Structures are given as C-alpha cells and as structure tokens.
>>> print(open('model.tsv').read())   # TSV, C-alpha atoms and all ligand atoms
chain	number	residue	atom	x	y	z
A	21	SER	CA	-2.13	70.94	-127.75
A	22	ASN	CA	0.79	73.17	-126.70
A	23	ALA	CA	3.29	73.42	-123.84
A	24	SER	CA	6.22	75.27	-122.31
A	25	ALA	CA	9.03	74.39	-119.93
A	26	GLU	CA	6.86	76.31	-117.46
A	27	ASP	CA	4.12	73.68	-117.75
A	28	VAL	CA	6.69	70.93	-117.14
A	29	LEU	CA	8.05	72.83	-114.12
A	30	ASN	CA	4.51	73.14	-112.68
A	31	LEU	CA	3.99	69.45	-113.36
A	32	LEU	CA	7.18	68.55	-111.50
A	33	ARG	CA	6.74	71.05	-108.65
A	34	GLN	CA	3.31	69.47	-108.28
A	35	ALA	CA	4.68	65.93	-107.94
A	36	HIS	CA	7.18	67.10	-105.33
A	37	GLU	CA	4.41	68.71	-103.24
A	38	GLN	CA	2.47	65.44	-103.61
A	39	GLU	CA	5.68	63.79	-102.38
A	40	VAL	CA	6.19	61.66	-105.51
A	41	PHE	CA	9.89	62.53	-105.05
A	42	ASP	CA	11.89	64.74	-102.68
A	43	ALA	CA	13.28	68.29	-102.74
A	44	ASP	CA	16.73	67.17	-103.93
A	45	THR	CA	15.31	65.18	-106.85
A	46	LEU	CA	13.19	68.15	-107.82
A	47	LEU	CA	16.25	70.36	-107.94
A	48	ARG	CA	18.03	67.78	-110.06
A	49	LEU	CA	15.13	67.60	-112.55
A	50	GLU	CA	14.88	71.40	-112.85
A	51	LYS	CA	18.64	71.60	-113.41
A	52	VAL	CA	18.34	69.11	-116.28
A	53	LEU	CA	15.52	71.18	-117.70
A	54	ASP	CA	17.59	74.37	-117.55
A	55	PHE	CA	20.59	72.55	-119.00
A	56	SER	CA	18.53	71.56	-122.06
A	57	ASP	CA	18.31	75.20	-123.08
A	58	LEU	CA	22.07	75.72	-123.16
A	59	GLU	CA	24.53	75.65	-126.03
A	60	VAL	CA	28.32	75.35	-126.29
A	61	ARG	CA	28.33	79.18	-126.42
A	62	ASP	CA	27.08	79.31	-122.86
A	63	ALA	CA	29.84	77.18	-121.28
A	64	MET	CA	32.92	77.77	-123.42
A	65	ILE	CA	36.17	79.53	-122.59
A	66	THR	CA	36.68	82.23	-125.22
A	67	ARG	CA	39.71	82.08	-127.59
A	68	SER	CA	41.63	85.03	-126.18
A	69	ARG	CA	41.48	83.35	-122.73
A	70	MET	CA	42.46	79.74	-123.47
A	71	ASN	CA	45.74	78.43	-122.07
A	72	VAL	CA	47.58	76.79	-124.99
A	73	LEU	CA	50.96	75.15	-125.71
A	74	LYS	CA	53.20	76.01	-128.68
A	75	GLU	CA	54.06	73.21	-131.10
A	76	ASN	CA	57.84	73.53	-130.70
A	77	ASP	CA	58.19	74.45	-127.04
A	78	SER	CA	60.66	72.54	-124.79
A	79	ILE	CA	59.62	69.87	-122.31
A	80	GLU	CA	60.83	72.11	-119.44
A	81	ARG	CA	58.74	75.11	-120.48
A	82	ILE	CA	55.67	73.00	-121.32
A	83	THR	CA	55.86	71.19	-117.97
A	84	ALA	CA	56.27	74.40	-115.94
A	85	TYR	CA	53.32	76.01	-117.74
A	86	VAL	CA	51.12	72.93	-117.22
A	87	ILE	CA	51.90	72.92	-113.49
A	88	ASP	CA	51.41	76.66	-113.17
A	89	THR	CA	47.95	76.68	-114.77
A	90	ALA	CA	47.07	73.34	-113.19
A	91	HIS	CA	44.81	72.33	-116.11
A	92	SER	CA	44.59	68.71	-117.23
A	93	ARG	CA	44.25	69.26	-121.00
A	94	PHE	CA	45.73	71.90	-123.35
A	95	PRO	CA	45.16	72.77	-127.03
A	96	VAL	CA	48.47	72.71	-128.89
A	97	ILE	CA	48.87	75.43	-131.53
A	98	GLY	CA	50.96	76.15	-134.60
A	99	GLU	CA	51.21	79.75	-135.78
A	100	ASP	CA	48.41	81.06	-133.55
A	101	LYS	CA	45.18	79.99	-131.88
A	102	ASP	CA	43.45	79.63	-135.25
A	103	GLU	CA	45.76	76.70	-135.97
A	104	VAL	CA	44.99	74.07	-133.31
A	105	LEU	CA	47.04	70.94	-133.98
A	106	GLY	CA	45.77	68.76	-131.21
A	107	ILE	CA	45.21	68.32	-127.49
A	108	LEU	CA	47.89	67.45	-124.93
A	109	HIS	CA	46.78	65.69	-121.75
A	110	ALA	CA	49.02	66.72	-118.85
A	111	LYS	CA	49.45	63.14	-117.63
A	112	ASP	CA	50.74	61.96	-121.02
A	113	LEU	CA	53.86	63.98	-120.19
A	114	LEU	CA	54.73	61.39	-117.52
A	115	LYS	CA	55.79	59.08	-120.35
A	116	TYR	CA	58.96	61.18	-120.40
A	117	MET	CA	59.62	61.25	-116.66
A	118	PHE	CA	62.88	59.32	-117.00
A	119	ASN	CA	63.89	60.19	-120.56
A	120	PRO	CA	63.00	63.88	-121.06
A	121	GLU	CA	65.73	64.10	-123.67
A	122	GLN	CA	63.51	61.92	-125.86
A	123	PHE	CA	60.48	64.28	-125.62
A	124	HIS	CA	58.56	64.38	-128.89
A	125	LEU	CA	55.33	66.31	-128.56
A	126	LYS	CA	53.82	64.77	-131.72
A	127	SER	CA	54.32	61.31	-130.15
A	128	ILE	CA	51.74	62.09	-127.43
A	129	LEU	CA	49.50	64.69	-129.06
A	130	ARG	CA	45.89	63.63	-129.48
A	131	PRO	CA	43.59	64.88	-132.28
A	132	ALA	CA	41.22	67.75	-131.40
A	133	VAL	CA	37.45	67.35	-131.56
A	134	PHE	CA	35.77	70.41	-133.11
A	135	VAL	CA	32.25	71.72	-132.42
A	136	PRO	CA	30.19	74.82	-133.41
A	137	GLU	CA	28.96	77.36	-130.84
A	138	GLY	CA	25.32	76.48	-131.49
A	139	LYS	CA	25.63	72.83	-130.47
A	140	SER	CA	23.39	71.83	-127.54
A	141	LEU	CA	25.14	71.03	-124.26
A	142	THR	CA	23.01	67.88	-124.00
A	143	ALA	CA	24.47	66.64	-127.31
A	144	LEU	CA	27.95	67.68	-126.26
A	145	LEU	CA	27.58	65.89	-122.94
A	146	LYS	CA	26.45	62.70	-124.67
A	147	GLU	CA	29.39	62.85	-127.06
A	148	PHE	CA	31.89	63.54	-124.26
A	149	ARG	CA	30.56	60.50	-122.38
A	150	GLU	CA	30.71	58.28	-125.48
A	151	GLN	CA	34.10	59.33	-126.91
A	152	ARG	CA	35.61	59.39	-123.43
A	153	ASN	CA	36.38	62.95	-124.48
A	154	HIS	CA	36.97	65.82	-122.03
A	155	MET	CA	37.62	68.87	-124.20
A	156	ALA	CA	36.48	70.18	-127.57
A	157	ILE	CA	37.62	73.16	-129.60
A	158	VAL	CA	34.81	75.54	-130.54
A	159	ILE	CA	34.84	76.75	-134.15
A	160	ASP	CA	33.13	79.91	-135.44
A	161	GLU	CA	30.97	80.00	-138.57
A	162	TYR	CA	34.04	80.82	-140.68
A	163	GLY	CA	36.45	78.12	-139.52
A	164	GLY	CA	38.33	80.18	-136.94
A	165	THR	CA	38.75	79.21	-133.28
A	166	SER	CA	36.04	80.67	-131.01
A	167	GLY	CA	37.28	78.98	-127.86
A	168	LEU	CA	37.24	75.63	-126.10
A	169	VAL	CA	34.74	73.72	-123.95
A	170	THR	CA	35.30	71.06	-121.30
A	171	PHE	CA	33.36	68.20	-119.70
A	172	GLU	CA	34.15	69.40	-116.20
A	173	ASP	CA	32.80	72.86	-117.03
A	174	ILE	CA	29.45	71.59	-118.31
A	175	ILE	CA	28.82	69.05	-115.49
A	176	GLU	CA	29.38	71.82	-112.95
B	22	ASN	CA	3.98	52.72	-108.66
B	23	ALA	CA	1.34	54.88	-110.37
B	24	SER	CA	2.83	58.21	-109.24
B	25	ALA	CA	6.12	57.72	-111.14
B	26	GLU	CA	4.74	56.27	-114.38
B	27	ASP	CA	2.41	59.25	-114.71
B	28	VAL	CA	5.08	61.92	-114.33
B	29	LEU	CA	6.99	60.01	-117.01
B	30	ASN	CA	4.40	59.90	-119.77
B	31	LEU	CA	3.72	63.62	-119.36
B	32	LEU	CA	7.43	64.25	-119.77
B	33	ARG	CA	7.24	62.27	-123.02
B	34	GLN	CA	4.30	64.38	-124.14
B	35	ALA	CA	6.26	67.56	-123.52
B	36	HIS	CA	8.91	66.08	-125.80
B	37	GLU	CA	6.50	65.35	-128.63
B	38	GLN	CA	5.41	68.97	-128.22
B	39	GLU	CA	8.97	70.26	-128.77
B	40	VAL	CA	9.56	71.39	-125.18
B	41	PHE	CA	12.83	69.46	-125.05
B	42	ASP	CA	14.64	66.92	-127.22
B	43	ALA	CA	15.12	63.16	-126.88
B	44	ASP	CA	18.51	63.57	-125.19
B	45	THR	CA	16.96	65.66	-122.42
B	46	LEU	CA	14.09	63.20	-122.07
B	47	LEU	CA	16.64	60.47	-121.52
B	48	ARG	CA	18.42	62.49	-118.81
B	49	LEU	CA	15.10	63.21	-117.09
B	50	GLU	CA	13.96	59.57	-117.27
B	51	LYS	CA	17.30	58.44	-115.85
B	52	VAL	CA	17.13	60.94	-112.97
B	53	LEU	CA	13.71	59.48	-112.12
B	54	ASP	CA	13.97	55.72	-112.75
B	55	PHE	CA	17.24	55.92	-110.81
B	56	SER	CA	16.37	58.38	-108.03
B	57	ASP	CA	16.33	55.53	-105.50
B	58	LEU	CA	19.96	54.59	-106.17
B	59	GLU	CA	22.70	54.44	-103.55
B	60	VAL	CA	26.48	54.72	-103.59
B	61	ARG	CA	26.48	50.93	-103.33
B	62	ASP	CA	24.89	50.78	-106.80
B	63	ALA	CA	27.49	52.86	-108.67
B	64	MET	CA	30.72	52.03	-106.90
B	65	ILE	CA	33.86	50.38	-108.19
B	66	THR	CA	34.18	47.45	-105.80
B	67	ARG	CA	37.24	47.00	-103.56
B	68	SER	CA	38.90	44.30	-105.71
B	69	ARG	CA	38.65	46.43	-108.88
B	70	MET	CA	40.10	49.60	-107.36
B	71	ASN	CA	43.44	50.64	-108.80
B	72	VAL	CA	45.50	51.91	-105.88
B	73	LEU	CA	49.06	53.05	-105.13
B	74	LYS	CA	51.15	51.69	-102.29
B	75	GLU	CA	52.46	54.46	-100.05
B	76	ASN	CA	56.10	53.38	-100.23
B	77	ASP	CA	56.44	52.40	-103.89
B	78	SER	CA	59.24	54.05	-105.85
B	79	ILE	CA	58.59	56.89	-108.32
B	80	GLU	CA	59.38	54.40	-111.10
B	81	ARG	CA	56.77	51.87	-110.00
B	82	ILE	CA	54.13	54.53	-109.27
B	83	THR	CA	54.69	56.29	-112.60
B	84	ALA	CA	54.47	53.08	-114.66
B	85	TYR	CA	51.29	52.01	-112.89
B	86	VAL	CA	49.67	55.42	-113.29
B	87	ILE	CA	50.52	55.49	-117.01
B	88	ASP	CA	49.31	51.90	-117.49
B	89	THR	CA	45.92	52.15	-115.78
B	90	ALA	CA	45.49	55.65	-117.16
B	91	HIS	CA	43.13	56.93	-114.45
B	92	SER	CA	43.57	60.51	-113.34
B	93	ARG	CA	43.05	59.83	-109.61
B	94	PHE	CA	44.28	57.05	-107.28
B	95	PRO	CA	43.59	56.09	-103.71
B	96	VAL	CA	46.90	55.69	-101.84
B	97	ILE	CA	47.02	52.85	-99.28
B	98	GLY	CA	49.14	51.85	-96.30
B	99	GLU	CA	48.98	48.23	-95.12
B	100	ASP	CA	46.12	47.23	-97.43
B	101	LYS	CA	42.94	48.58	-99.06
B	102	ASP	CA	41.35	49.02	-95.63
B	103	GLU	CA	43.91	51.77	-94.95
B	104	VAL	CA	43.44	54.60	-97.40
B	105	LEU	CA	45.84	57.44	-96.67
B	106	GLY	CA	44.60	59.89	-99.32
B	107	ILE	CA	44.11	60.44	-103.06
B	108	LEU	CA	46.81	61.13	-105.67
B	109	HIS	CA	46.05	63.15	-108.82
B	110	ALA	CA	48.21	61.80	-111.61
B	111	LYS	CA	49.09	65.22	-112.97
B	112	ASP	CA	50.58	66.19	-109.60
B	113	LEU	CA	53.49	63.83	-110.29
B	114	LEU	CA	54.76	66.35	-112.87
B	115	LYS	CA	56.12	68.24	-109.88
B	116	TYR	CA	59.02	65.77	-109.92
B	117	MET	CA	59.68	65.67	-113.71
B	118	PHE	CA	63.21	67.05	-113.55
B	119	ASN	CA	64.03	65.94	-110.04
B	120	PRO	CA	62.67	62.34	-109.67
B	121	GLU	CA	65.26	61.80	-106.90
B	122	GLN	CA	63.32	64.32	-104.77
B	123	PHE	CA	60.11	62.24	-105.00
B	124	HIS	CA	57.98	62.43	-101.87
B	125	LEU	CA	54.55	60.92	-102.58
B	126	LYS	CA	53.07	62.29	-99.35
B	127	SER	CA	53.81	65.88	-100.30
B	128	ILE	CA	51.31	65.59	-103.18
B	129	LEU	CA	48.74	63.43	-101.41
B	130	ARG	CA	45.29	64.98	-100.92
B	131	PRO	CA	42.80	64.08	-98.16
B	132	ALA	CA	40.34	61.29	-98.98
B	133	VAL	CA	36.59	61.78	-98.64
B	134	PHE	CA	34.68	58.83	-97.14
B	135	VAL	CA	30.99	58.00	-97.69
B	136	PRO	CA	28.63	55.19	-96.53
B	137	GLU	CA	27.39	52.49	-98.94
B	138	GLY	CA	23.77	53.49	-98.39
B	139	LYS	CA	24.18	57.16	-99.32
B	140	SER	CA	21.87	58.25	-102.15
B	141	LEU	CA	23.56	59.03	-105.47
B	142	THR	CA	21.46	62.18	-105.52
B	143	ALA	CA	23.05	63.36	-102.24
B	144	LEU	CA	26.51	62.28	-103.36
B	145	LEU	CA	26.19	64.17	-106.65
B	146	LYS	CA	25.25	67.24	-104.66
B	147	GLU	CA	28.25	66.93	-102.36
B	148	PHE	CA	30.63	66.34	-105.27
B	149	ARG	CA	29.44	69.60	-106.89
B	150	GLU	CA	29.60	71.61	-103.66
B	151	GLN	CA	33.02	70.24	-102.69
B	152	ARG	CA	34.53	70.33	-106.21
B	153	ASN	CA	35.26	66.68	-105.42
B	154	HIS	CA	35.49	63.88	-107.97
B	155	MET	CA	36.23	60.66	-106.04
B	156	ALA	CA	35.08	59.20	-102.73
B	157	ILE	CA	36.05	56.06	-100.82
B	158	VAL	CA	33.02	53.97	-99.92
B	159	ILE	CA	33.11	52.38	-96.47
B	160	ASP	CA	31.10	49.67	-94.75
B	161	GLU	CA	29.40	49.98	-91.36
B	162	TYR	CA	32.71	49.26	-89.59
B	163	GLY	CA	35.04	51.53	-91.54
B	164	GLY	CA	36.39	48.84	-93.86
B	165	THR	CA	36.82	49.90	-97.49
B	166	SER	CA	33.95	48.73	-99.75
B	167	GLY	CA	35.15	50.44	-102.91
B	168	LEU	CA	35.41	53.86	-104.52
B	169	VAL	CA	32.92	56.04	-106.44
B	170	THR	CA	33.48	58.82	-108.98
B	171	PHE	CA	31.60	61.83	-110.35
B	172	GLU	CA	32.04	60.37	-113.85
B	173	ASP	CA	30.16	57.19	-112.89
B	174	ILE	CA	27.13	58.73	-111.17
B	175	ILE	CA	26.33	61.51	-113.64
A	201	LIG	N1	43.74	74.36	-121.43
A	201	LIG	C1	42.83	75.33	-120.83
A	201	LIG	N2	42.86	76.73	-121.24
A	201	LIG	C2	41.95	77.75	-120.58
A	201	LIG	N3	41.00	77.31	-119.46
A	201	LIG	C3	40.97	75.89	-119.04
A	201	LIG	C4	41.86	74.88	-119.69
A	201	LIG	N4	41.60	73.51	-119.05
A	201	LIG	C5	40.55	73.70	-117.99
A	201	LIG	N5	40.15	75.17	-117.99
A	201	LIG	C6	39.20	75.83	-117.10
A	201	LIG	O1	39.80	76.07	-115.79
A	201	LIG	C7	39.14	75.22	-114.81
A	201	LIG	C8	40.19	74.36	-114.04
A	201	LIG	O2	41.09	73.78	-114.94
A	201	LIG	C9	38.13	74.32	-115.56
A	201	LIG	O3	36.92	74.27	-114.85
A	201	LIG	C10	37.93	75.00	-116.90
A	201	LIG	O4	36.83	75.88	-116.84
A	202	LIG	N1	41.78	54.78	-109.03
A	202	LIG	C1	40.80	54.00	-109.78
A	202	LIG	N2	40.75	52.55	-109.63
A	202	LIG	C2	39.75	51.70	-110.40
A	202	LIG	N3	38.78	52.38	-111.36
A	202	LIG	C3	38.83	53.85	-111.51
A	202	LIG	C4	39.81	54.69	-110.76
A	202	LIG	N4	39.59	56.16	-111.14
A	202	LIG	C5	38.47	56.20	-112.15
A	202	LIG	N5	38.01	54.76	-112.37
A	202	LIG	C6	36.95	54.28	-113.24
A	202	LIG	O1	37.52	54.00	-114.56
A	202	LIG	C7	36.52	54.41	-115.54
A	202	LIG	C8	37.16	55.37	-116.59
A	202	LIG	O2	37.53	56.58	-115.97
A	202	LIG	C9	35.36	55.09	-114.78
A	202	LIG	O3	34.29	54.20	-114.64
A	202	LIG	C10	35.92	55.39	-113.42
A	202	LIG	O4	34.94	55.24	-112.42
>>> encode(input="model.tsv", output="structure tokens", more="lines below")
Ligand SMILES: Nc1ncnc2c1ncn2[C@@H]1O[C@H](CO)[C@@H](O)[C@H]1O
Ligand SMILES: Nc1ncnc2c1ncn2[C@@H]1O[C@H](CO)[C@@H](O)[C@H]1O
Amino acid sequence: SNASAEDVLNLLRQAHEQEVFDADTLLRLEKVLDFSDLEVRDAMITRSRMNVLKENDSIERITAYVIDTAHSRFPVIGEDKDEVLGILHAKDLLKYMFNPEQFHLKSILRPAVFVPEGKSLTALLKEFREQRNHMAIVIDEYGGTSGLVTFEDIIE
Amino acid sequence: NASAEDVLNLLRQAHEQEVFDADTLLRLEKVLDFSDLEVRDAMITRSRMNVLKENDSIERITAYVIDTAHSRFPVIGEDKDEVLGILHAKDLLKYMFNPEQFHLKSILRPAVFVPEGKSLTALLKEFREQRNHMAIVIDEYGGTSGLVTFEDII
C-alpha cells in the first residue's frame, strides 16, 4: 500500500503502550528513525570553521595547537583548505616524544577519506565502523572542501 | 515471543515501502533483538583490559600506549581491582617537550563504575548524557569485572 515514518512511529508508540518494550527502548528506536533522515550536511563542521594543521609547521607549534584545541584528529593542508593532504591523529605525535628532532609529518600522516554532503549518516556510520575511521572530509559538488565530519559528532 | 516478531515484520514492510533503507532496518532490528542486553554482554573482560601501572615511567607508558593504540586506558594501583582513574592518550602530549616533568596523576581523569547487570540501553543513555566513553565494570563486591566502551555498545 503506502506508508510514512509517521505510521512506523504510531506502530512503535503502540507497542510501547502495550509494553512490548520500555520507554527507553522506544526513545532509542525513534532516534534511529530520525537519524535515518539525516545526511553528512546535517552533522558536518563547515570548512571555514575546521581546525587544520599546515604541512610544514614545526612539531612545537603543531603540538601546542593540538593541545589548545583538544581535538583528536586534524586535517593537514597544503596551500589552503581546498588542498587536504591527509589526517593527523593527535596520539601519533607521541612517536616523537623522545626524538622530536626527528619529526617528519609525512611519516605519520594518514590518508583522508572523502565524502559528499548528500551521503546518508547511516551509510557514513557503517563505513566509520568498518574502516575503523573517525573523520571524513566533506567535498562539494565541484571538488572543493565543504567541511569535515566525525564519528563522535554523529553518534551524539 | 509473538510481540517482538510482529513489530519486526512490520518494520521490514516499511522498508519495502521506501520508508527507510536496509541500513536503518539493520539498526532498528539490532536495537530490538538486543534490547535485553546487559553491560556483562558487551564488556572487555578483566584479563583483556589494557591498563597502565600508576608508577610506570613516561618511557614505559608511552611505548605501551603507542603499541596497543587505544585512546583511553584505565590506570591501576596494586592490581586490576584497584582502578585509580582513566588516562586519555592524547593528554600525554602535555609532556612532549618536558618528559622529565611527567606526573601521570596530573592528567588522570575520574573513572566511572557500573554494575555487570546494567542494561546496555541505560548505559548508552548515560554515556551520551555524561559525554563519557569508557566505564569500569564491577562485580557485586566491587572487584573489577572488565571495562566497556561507547564504541562497543553502539
Ligand atoms: N580537527 C577539527 N577541526 C574543527 N572541529 C573539530 C575537529 N575534531 C573534533 N571537532 C569537533 O569538536 C568536538 C570536540 O573535539 C567534536 O565533537 C567535533 O564536533
Ligand atoms: N584500555 C583498553 N584495554 C583493552 N581494550 C580496549 C581499551 N580501550 C578500547 N578497547 C577496545 O579495543 C577495540 C578498538 O578500539 C574496541 O573494541 C574497544 O572496546
């Protein structure tokens, strides 16, 4: 026939009132339902607001910036934010705890995963869980950087 | 029981009607089929926990943290039945250019403790409210049973 999320909601609210499951479960199911309507667009941090690291910055300046912002992962850029070279994970810096003089950012930089703004959060979540990924870079329909999106932001 | 099955097949029907996609269906099914789960069911058991000893040197701590590659670690005193707090790996960066100043306890956060028989559903809720990611699971006498993470229950 034909249906809406509304019909599913009624169906579930019904089961709860018939005590098939409890209030907390009901809230969890409705949250999943609401989540299914969302896209990367809805959870991303926009380009002009991302905290990034410059390709050629010193270990001292990188480390201070990482501590200051307290993030765990950072896009690393070349000329500007439309040239993302990779992702640095804050804790990969600890490899240089005792030999900072040997710091080589390219030695610890990981490749960036790219996604479009229209991608469903359910697909993104599945891919984050599979790839053991935590951050993706969001690309606009022309190849430019639209922003970034994180696992911790979407599981909120 | 007949209540649960029924809710399920109507969820599948809503899927075949384009209400939501297969990925969502999976999430919904999981939240149901597994709504009776407890912390006990998702925990990393005591022997498999990767922990830090309170008095280990910055060298030993740092190598272990890099090797196991977790982002969070219980910190213990005498043994695993004495958890003193949780260390976030990135907080070690505080000592990058002054490793001689290392004081593990200055970067140690309070541990949260939960019972084995707590529902995952309730735990999930408390993790989200508390902006918490790890809990230490304890038995009926306060002994450590294991640890449990947001990652593992979602
Ligand atoms: N490298 C980054 N640049 C801009 N915002 C971030 C970055 N990493 C995490 N965030 C956001 O800040 C919060 C805490 O890090 C996260 O929930 C996320 O929304
Ligand atoms: N301190 C720790 N000791 C043992 N396993 C952990 C620790 N922190 C996260 N994990 C588990 O390692 C896996 C990868 O993060 C997850 O299943 C997570 O639960």
>>> residues_near_ligand(input="model.tsv", ligand="ligand LIG 201 (chain A)", cutoff="10 Å", atoms="only C-alpha atoms and all ligand atoms", output="ChimeraX atom specification")
/A:63-73,86,89-96,107-110,154-155,167-176 /B:152
>>> atom_distance(input="model.tsv", atom1="atom CA of residue 89 of chain B", atom2="atom CA of residue 68 of chain B")
14.6 Å
>>> interface_residues(input="model.tsv", of="chain B", to="chain A", cutoff="6 Å", atoms="all atoms listed in the file", output="short mmCIF file (atom, residue, chain, number, x, y, z; two decimals) with C-alpha atoms, in the frame of the given file")
data_model
loop_
_atom_site.label_atom_id
_atom_site.label_comp_id
_atom_site.auth_asym_id
_atom_site.auth_seq_id
_atom_site.Cartn_x
_atom_site.Cartn_y
_atom_site.Cartn_z
CA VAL B 40 9.56 71.39 -125.18
CA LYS B 111 49.09 65.22 -112.97
CA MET B 117 59.68 65.67 -113.71
#
>>> atom_distance(input="model.tsv", atom1="atom CA of residue 76 of chain B", atom2="atom CA of residue 129 of chain B")
12.5 Å
>>> atom_distance(input="model.tsv", atom1="atom CA of residue 131 of chain B", atom2="atom CA of residue 87 of chain B")
22.1 Å
>>> build_atoms(input="model.tsv", residues="segment 62-75 of chain B", atoms="N, CA, C and O atoms", output="short mmCIF file (atom, residue, chain, number, x, y, z; two decimals), in the frame of the given file")
data_model
loop_
_atom_site.label_atom_id
_atom_site.label_comp_id
_atom_site.auth_asym_id
_atom_site.auth_seq_id
_atom_site.Cartn_x
_atom_site.Cartn_y
_atom_site.Cartn_z
N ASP B 62 25.32 51.15 -105.45
CA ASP B 62 24.89 50.78 -106.80
C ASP B 62 25.82 51.27 -107.91
O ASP B 62 25.79 50.73 -109.02
N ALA B 63 26.62 52.29 -107.64
CA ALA B 63 27.49 52.86 -108.67
C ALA B 63 28.98 52.71 -108.37
O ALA B 63 29.82 53.23 -109.11
N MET B 64 29.32 52.03 -107.29
CA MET B 64 30.72 52.03 -106.90
C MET B 64 31.56 51.02 -107.66
O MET B 64 31.06 50.01 -108.16
N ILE B 65 32.84 51.33 -107.76
CA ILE B 65 33.86 50.38 -108.19
C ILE B 65 34.25 49.58 -106.95
O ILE B 65 34.71 50.14 -105.95
N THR B 66 34.02 48.28 -106.99
CA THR B 66 34.18 47.45 -105.80
C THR B 66 35.65 47.33 -105.39
O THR B 66 36.55 47.54 -106.21
N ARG B 67 35.89 47.01 -104.12
CA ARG B 67 37.24 47.00 -103.56
C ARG B 67 38.28 46.27 -104.42
O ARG B 67 39.38 46.76 -104.62
N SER B 68 37.93 45.09 -104.93
CA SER B 68 38.90 44.30 -105.71
C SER B 68 39.29 44.95 -107.05
O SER B 68 40.37 44.69 -107.57
N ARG B 69 38.41 45.78 -107.59
CA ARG B 69 38.65 46.43 -108.88
C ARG B 69 39.27 47.82 -108.75
O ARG B 69 39.58 48.44 -109.77
N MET B 70 39.45 48.31 -107.53
CA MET B 70 40.10 49.60 -107.36
C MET B 70 41.55 49.52 -107.80
O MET B 70 42.23 48.55 -107.50
N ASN B 71 42.02 50.55 -108.50
CA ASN B 71 43.44 50.64 -108.80
C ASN B 71 44.08 51.61 -107.83
O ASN B 71 43.75 52.80 -107.84
N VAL B 72 44.97 51.11 -106.97
CA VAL B 72 45.50 51.91 -105.88
C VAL B 72 47.02 51.97 -105.94
O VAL B 72 47.65 51.18 -106.65
N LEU B 73 47.60 52.92 -105.23
CA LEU B 73 49.06 53.05 -105.13
C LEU B 73 49.52 52.73 -103.71
O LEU B 73 48.94 53.20 -102.73
N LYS B 74 50.59 51.96 -103.59
CA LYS B 74 51.15 51.69 -102.29
C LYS B 74 52.00 52.87 -101.82
O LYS B 74 52.79 53.42 -102.59
N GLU B 75 51.83 53.25 -100.55
CA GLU B 75 52.46 54.46 -100.05
C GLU B 75 53.98 54.48 -100.28
O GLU B 75 54.55 55.52 -100.58
#
